[PDB]
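A.B. asks: The structure file run37.cif (mmCIF, C-alpha atoms and all ligand atoms) is provided below.
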data_structure
#
loop_
_atom_site.label_atom_id
_atom_site.label_comp_id
_atom_site.auth_asym_id
_atom_site.auth_seq_id
_atom_site.Cartn_x
_atom_site.Cartn_y
_atom_site.Cartn_z
CA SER A 42 22.17 0.46 2.00
CA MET A 43 19.32 -1.58 3.57
CA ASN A 44 16.87 -0.17 6.09
CA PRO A 45 17.54 -0.57 9.80
CA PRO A 46 15.12 -2.36 12.05
CA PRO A 47 12.33 0.05 13.00
CA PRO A 48 12.07 1.64 16.43
CA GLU A 49 10.69 -0.56 19.19
CA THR A 50 6.92 -0.40 19.70
CA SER A 51 6.62 -3.32 22.11
CA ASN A 52 8.73 -4.21 25.15
CA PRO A 53 7.18 -6.23 27.94
CA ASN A 54 10.12 -5.33 30.26
CA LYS A 55 9.27 -1.60 29.96
CA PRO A 56 6.90 -0.22 32.61
CA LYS A 57 3.79 1.42 31.11
CA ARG A 58 0.90 3.69 32.08
CA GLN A 59 -2.41 4.84 30.70
CA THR A 60 -2.80 8.50 31.72
CA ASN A 61 -5.04 11.41 30.72
CA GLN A 62 -2.06 13.21 29.13
CA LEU A 63 -1.17 10.13 27.06
CA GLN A 64 -4.83 9.78 26.09
CA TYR A 65 -4.75 13.41 24.88
CA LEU A 66 -1.57 12.69 22.95
CA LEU A 67 -3.43 9.95 21.00
CA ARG A 68 -6.96 11.37 20.75
CA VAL A 69 -5.99 14.99 20.05
CA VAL A 70 -2.32 15.38 19.07
CA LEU A 71 -1.68 12.23 16.98
CA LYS A 72 -5.20 12.35 15.52
CA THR A 73 -4.77 15.94 14.35
CA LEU A 74 -1.41 15.36 12.68
CA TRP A 75 -2.32 11.96 11.23
CA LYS A 76 -5.34 13.27 9.27
CA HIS A 77 -3.43 16.23 7.80
CA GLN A 78 -2.80 16.42 4.06
CA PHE A 79 0.97 16.45 4.71
CA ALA A 80 0.98 13.47 7.11
CA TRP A 81 1.73 10.74 4.57
CA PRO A 82 5.57 10.92 4.44
CA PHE A 83 5.59 10.68 8.24
CA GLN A 84 3.10 7.81 8.69
CA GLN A 85 5.77 5.08 8.63
CA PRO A 86 9.55 4.79 8.98
CA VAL A 87 11.64 6.43 6.27
CA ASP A 88 12.20 3.77 3.63
CA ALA A 89 15.72 4.67 2.55
CA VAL A 90 15.71 1.89 -0.05
CA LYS A 91 12.52 2.81 -1.94
CA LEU A 92 13.21 6.53 -1.59
CA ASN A 93 16.86 6.19 -2.70
CA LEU A 94 18.26 7.92 0.38
CA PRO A 95 21.33 5.76 0.96
CA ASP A 96 22.87 8.26 3.43
CA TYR A 97 19.68 8.72 5.53
CA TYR A 98 20.57 6.29 8.31
CA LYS A 99 24.21 7.42 8.30
CA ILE A 100 23.00 10.90 9.32
CA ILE A 101 19.85 10.01 11.32
CA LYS A 102 20.73 7.76 14.24
CA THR A 103 17.47 8.19 16.20
CA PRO A 104 14.75 7.59 13.55
CA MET A 105 11.15 8.36 14.48
CA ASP A 106 7.87 8.58 12.63
CA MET A 107 4.15 8.84 13.40
CA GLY A 108 3.49 5.19 12.49
CA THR A 109 5.80 4.27 15.34
CA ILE A 110 4.28 6.87 17.67
CA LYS A 111 0.74 5.71 16.80
CA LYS A 112 1.71 2.12 17.67
CA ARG A 113 3.45 3.23 20.86
CA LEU A 114 0.29 5.11 21.96
CA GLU A 115 -2.21 2.42 20.92
CA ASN A 116 -0.12 -0.31 22.54
CA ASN A 117 0.58 1.68 25.74
CA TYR A 118 4.35 1.73 25.33
CA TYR A 119 4.94 4.96 27.25
CA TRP A 120 5.30 5.76 30.95
CA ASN A 121 4.73 9.51 30.51
CA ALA A 122 3.76 12.27 28.11
CA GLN A 123 7.28 13.68 27.84
CA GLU A 124 8.49 10.44 26.22
CA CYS A 125 5.87 10.80 23.50
CA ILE A 126 6.44 14.53 23.08
CA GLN A 127 10.15 13.70 22.64
CA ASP A 128 9.30 11.21 19.88
CA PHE A 129 7.39 13.89 17.94
CA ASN A 130 10.27 16.34 18.38
CA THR A 131 12.80 13.73 17.28
CA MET A 132 10.72 13.14 14.14
CA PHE A 133 10.66 16.85 13.27
CA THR A 134 14.32 17.38 14.14
CA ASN A 135 15.43 14.46 11.95
CA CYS A 136 13.58 15.99 9.01
CA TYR A 137 15.19 19.39 9.49
CA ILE A 138 18.66 17.88 10.03
CA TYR A 139 18.58 15.63 6.95
CA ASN A 140 16.93 18.04 4.50
CA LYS A 141 17.31 21.73 3.57
CA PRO A 142 15.15 24.80 4.20
CA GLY A 143 12.31 25.13 1.73
CA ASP A 144 12.31 21.47 0.67
CA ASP A 145 8.78 20.14 0.35
CA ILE A 146 9.33 17.64 3.16
CA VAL A 147 10.52 20.46 5.44
CA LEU A 148 7.47 22.61 4.64
CA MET A 149 5.35 19.54 5.46
CA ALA A 150 7.12 19.03 8.77
CA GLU A 151 6.70 22.75 9.58
CA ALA A 152 2.92 22.54 9.03
CA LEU A 153 2.60 19.45 11.23
CA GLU A 154 4.89 20.97 13.89
CA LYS A 155 2.77 24.15 14.05
CA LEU A 156 -0.26 21.98 14.84
CA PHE A 157 1.74 19.86 17.27
CA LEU A 158 2.79 22.98 19.22
CA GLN A 159 -0.78 24.35 19.23
CA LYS A 160 -2.09 21.09 20.69
CA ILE A 161 0.60 20.41 23.32
CA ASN A 162 0.23 24.02 24.47
CA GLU A 163 -3.05 22.73 26.02
CA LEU A 164 -1.83 19.39 27.30
CA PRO A 165 -4.09 18.84 30.32
CA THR A 166 -2.58 18.72 33.82
CA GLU A 167 -2.31 15.17 35.16
CA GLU A 168 -5.42 13.67 36.80
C1 LIG A 201 7.83 10.89 0.51
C2 LIG A 201 8.51 12.22 0.37
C3 LIG A 201 7.81 13.46 0.26
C4 LIG A 201 8.62 14.53 0.12
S1 LIG A 201 10.27 14.07 0.11
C5 LIG A 201 9.87 12.39 0.30
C6 LIG A 201 10.96 11.34 0.36
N1 LIG A 201 11.95 11.58 1.38
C7 LIG A 201 11.67 11.72 2.69
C8 LIG A 201 10.49 11.14 3.27
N2 LIG A 201 10.14 11.25 4.50
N3 LIG A 201 10.95 11.97 5.33
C9 LIG A 201 10.47 12.09 6.70
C10 LIG A 201 12.12 12.58 4.96
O1 LIG A 201 12.79 13.22 5.77
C11 LIG A 201 12.47 12.39 3.59
CL1 LIG A 201 13.91 13.16 3.05
#
Represent the structure from my file as structure tokens, please.
Ligand SMILES: Cc1ccsc1CNc1cnn(C)c(=O)c1Cl
C.D. replies:
Amino acid sequence: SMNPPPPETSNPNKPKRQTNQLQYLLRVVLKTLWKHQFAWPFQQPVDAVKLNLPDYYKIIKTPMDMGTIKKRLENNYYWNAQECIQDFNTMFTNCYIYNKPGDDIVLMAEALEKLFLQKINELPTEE
């Protein structure tokens, strides 16, 4: 079973903003997670072919990854911070739903999620 098309990172029909919260989401939140030692499995869409996960996209119908989020932030895809926060949460949720407690990938997601929560706890108020 092939990979699906990746999530959209460009859509000229979609209204966009550059906001201080979205800037924080790139400069602080994404940056922190991206540089982490456990970031690598999450830096691009799950390649179900290479990774021999033929049931992945049967189970996971809203795929998300930090490669996609990074592109969405750098290319100003979002209207608001909540959209981006939802993408991160979708990414973590997918990992927990597909895998089992104590799997390496789940421990990796937990570490990244801890940092995610720490950083969005201090999301600045809108300017
Ligand atoms: C590359 C790697 C590292 C530990 S397990 C694994 C392959 N499978 C993966 C990869 N990424 N993600 C997000 C998954 O949920 C699954 Cl199950």
A.B. asks: My list of candidates is A:70, A:136, A:80, A:90. Which is closest to residue 103 in chain A when distances are computed with all atoms listed in the file?
C.D. replies: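 Selected residue with least distance to residue 103 in chain A: A:136.
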A.B. asks: Please define a box with edges along x, y and z of the file around all atoms of ligand LIG 201 (chain A) given in the file, extend it by 6 Å on each side, and return its centre and edge lengths in Å to one decimal, as AutoDock Vina command-line options.
C.D. replies:
--center_x 10.9 --center_y 12.7 --center_z 3.4 --size_x 18.1 --size_y 15.6 --size_z 18.6
A.B. asks: Can you work out the spacing between CA of residue 87 in chain A and CA of residue 49 in chain A in Å, to one decimal?
C.D. replies: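 Separation of CA of residue 87 in chain A and CA of residue 49 in chain A: 14.7 Å.
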A.B. asks: May I ask which of the residues A:51, A:166, A:44, A:135 is the closest one to residue 83 in chain A, counting all atoms listed in the file?
C.D. replies: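 Residue with the minimum atom-to-atom distance to residue 83 in chain A: A:135.
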A.B. asks: Show me which residues line ligand LIG 201 (chain A), defined as having an atom within 9 Å of a ligand atom where all atoms listed in the file count, and present them as a ChimeraX atom specification.
C.D. replies: /A:79,81-89,91-94,97,105-106,132-133,135-140,144-147,149-150
A.B. asks: Could you save the residues just selected, with C-alpha atoms, as a short mmCIF file (atom, residue, chain, number, x, y, z; two decimals), keeping the file's coordinate frame?
C.D. replies:
data_model
loop_
_atom_site.label_atom_id
_atom_site.label_comp_id
_atom_site.auth_asym_id
_atom_site.auth_seq_id
_atom_site.Cartn_x
_atom_site.Cartn_y
_atom_site.Cartn_z
CA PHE A 79 0.97 16.45 4.71
CA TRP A 81 1.73 10.74 4.57
CA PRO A 82 5.57 10.92 4.44
CA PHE A 83 5.59 10.68 8.24
CA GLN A 84 3.10 7.81 8.69
CA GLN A 85 5.77 5.08 8.63
CA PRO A 86 9.55 4.79 8.98
CA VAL A 87 11.64 6.43 6.27
CA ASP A 88 12.20 3.77 3.63
CA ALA A 89 15.72 4.67 2.55
CA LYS A 91 12.52 2.81 -1.94
CA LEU A 92 13.21 6.53 -1.59
CA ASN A 93 16.86 6.19 -2.70
CA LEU A 94 18.26 7.92 0.38
CA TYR A 97 19.68 8.72 5.53
CA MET A 105 11.15 8.36 14.48
CA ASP A 106 7.87 8.58 12.63
CA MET A 132 10.72 13.14 14.14
CA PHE A 133 10.66 16.85 13.27
CA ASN A 135 15.43 14.46 11.95
CA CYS A 136 13.58 15.99 9.01
CA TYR A 137 15.19 19.39 9.49
CA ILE A 138 18.66 17.88 10.03
CA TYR A 139 18.58 15.63 6.95
CA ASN A 140 16.93 18.04 4.50
CA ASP A 144 12.31 21.47 0.67
CA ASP A 145 8.78 20.14 0.35
CA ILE A 146 9.33 17.64 3.16
CA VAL A 147 10.52 20.46 5.44
CA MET A 149 5.35 19.54 5.46
CA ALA A 150 7.12 19.03 8.77
#
A.B. asks: Between CA of residue 72 in chain A and CA of residue 155 in chain A, what is the distance, to one decimal in Å?
C.D. replies: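 CA of residue 72 in chain A sits 14.3 Å away from CA of residue 155 in chain A.
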A.B. asks: Return range 133-153 of chain A, completed with N, CA, C and O atoms, as an mmCIF file, keeping the file's coordinate frame.
C.D. replies:
data_model
loop_
_atom_site.group_PDB
_atom_site.id
_atom_site.type_symbol
_atom_site.label_atom_id
_atom_site.label_comp_id
_atom_site.auth_asym_id
_atom_site.auth_seq_id
_atom_site.Cartn_x
_atom_site.Cartn_y
_atom_site.Cartn_z
ATOM 1 N N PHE A 133 10.500 15.573 13.965
ATOM 2 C CA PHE A 133 10.660 16.850 13.270
ATOM 3 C C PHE A 133 12.133 17.206 13.108
ATOM 4 O O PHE A 133 12.579 17.596 12.033
ATOM 5 N N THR A 134 12.895 17.060 14.184
ATOM 6 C CA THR A 134 14.320 17.380 14.140
ATOM 7 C C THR A 134 15.073 16.587 13.072
ATOM 8 O O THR A 134 15.890 17.146 12.333
ATOM 9 N N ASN A 135 14.787 15.293 12.975
ATOM 10 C CA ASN A 135 15.430 14.460 11.950
ATOM 11 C C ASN A 135 15.187 15.032 10.552
ATOM 12 O O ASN A 135 16.080 15.069 9.693
ATOM 13 N N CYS A 136 13.965 15.483 10.320
ATOM 14 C CA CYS A 136 13.580 15.990 9.010
ATOM 15 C C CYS A 136 14.368 17.259 8.702
ATOM 16 O O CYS A 136 14.903 17.419 7.594
ATOM 17 N N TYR A 137 14.469 18.141 9.689
ATOM 18 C CA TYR A 137 15.190 19.390 9.490
ATOM 19 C C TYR A 137 16.695 19.155 9.335
ATOM 20 O O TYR A 137 17.349 19.844 8.544
ATOM 21 N N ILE A 138 17.236 18.197 10.080
ATOM 22 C CA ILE A 138 18.660 17.880 10.030
ATOM 23 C C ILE A 138 19.040 17.254 8.686
ATOM 24 O O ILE A 138 20.066 17.615 8.105
ATOM 25 N N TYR A 139 18.220 16.340 8.181
ATOM 26 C CA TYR A 139 18.580 15.630 6.950
ATOM 27 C C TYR A 139 18.398 16.506 5.714
ATOM 28 O O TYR A 139 19.204 16.451 4.795
ATOM 29 N N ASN A 140 17.341 17.307 5.699
ATOM 30 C CA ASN A 140 16.930 18.040 4.500
ATOM 31 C C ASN A 140 17.404 19.483 4.515
ATOM 32 O O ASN A 140 18.229 19.836 5.345
ATOM 33 N N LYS A 141 16.927 20.307 3.586
ATOM 34 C CA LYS A 141 17.310 21.730 3.570
ATOM 35 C C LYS A 141 16.092 22.650 3.614
ATOM 36 O O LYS A 141 14.985 22.243 3.245
ATOM 37 N N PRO A 142 16.285 23.894 4.089
ATOM 38 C CA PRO A 142 15.150 24.800 4.200
ATOM 39 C C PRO A 142 14.432 24.953 2.873
ATOM 40 O O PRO A 142 15.080 25.066 1.830
ATOM 41 N N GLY A 143 13.110 24.942 2.915
ATOM 42 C CA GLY A 143 12.310 25.130 1.730
ATOM 43 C C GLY A 143 12.012 23.860 0.955
ATOM 44 O O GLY A 143 11.184 23.889 0.053
ATOM 45 N N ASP A 144 12.676 22.744 1.278
ATOM 46 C CA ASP A 144 12.310 21.470 0.670
ATOM 47 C C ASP A 144 10.863 21.183 1.005
ATOM 48 O O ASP A 144 10.389 21.533 2.093
ATOM 49 N N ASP A 145 10.163 20.517 0.091
ATOM 50 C CA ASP A 145 8.780 20.140 0.350
ATOM 51 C C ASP A 145 8.610 19.429 1.683
ATOM 52 O O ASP A 145 7.725 19.780 2.465
ATOM 53 N N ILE A 146 9.457 18.442 1.945
ATOM 54 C CA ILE A 146 9.330 17.640 3.160
ATOM 55 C C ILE A 146 9.485 18.516 4.423
ATOM 56 O O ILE A 146 8.836 18.287 5.440
ATOM 57 N N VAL A 147 10.332 19.529 4.342
ATOM 58 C CA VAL A 147 10.520 20.460 5.440
ATOM 59 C C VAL A 147 9.295 21.360 5.645
ATOM 60 O O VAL A 147 8.866 21.576 6.778
ATOM 61 N N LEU A 148 8.724 21.866 4.556
ATOM 62 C CA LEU A 148 7.470 22.610 4.640
ATOM 63 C C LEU A 148 6.357 21.765 5.264
ATOM 64 O O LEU A 148 5.543 22.270 6.037
ATOM 65 N N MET A 149 6.331 20.478 4.917
ATOM 66 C CA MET A 149 5.350 19.540 5.460
ATOM 67 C C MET A 149 5.554 19.366 6.949
ATOM 68 O O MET A 149 4.625 19.496 7.727
ATOM 69 N N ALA A 150 6.793 19.119 7.341
ATOM 70 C CA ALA A 150 7.120 19.030 8.770
ATOM 71 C C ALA A 150 6.748 20.320 9.525
ATOM 72 O O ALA A 150 6.182 20.270 10.627
ATOM 73 N N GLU A 151 7.042 21.470 8.936
ATOM 74 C CA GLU A 151 6.700 22.750 9.580
ATOM 75 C C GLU A 151 5.197 22.881 9.866
ATOM 76 O O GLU A 151 4.801 23.331 10.953
ATOM 77 N N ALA A 152 4.377 22.501 8.886
ATOM 78 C CA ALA A 152 2.920 22.540 9.030
ATOM 79 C C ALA A 152 2.437 21.622 10.156
ATOM 80 O O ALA A 152 1.588 21.998 10.943
ATOM 81 N N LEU A 153 2.970 20.410 10.203
ATOM 82 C CA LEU A 153 2.600 19.450 11.230
ATOM 83 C C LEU A 153 3.085 19.931 12.600
ATOM 84 O O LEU A 153 2.366 19.812 13.593
#
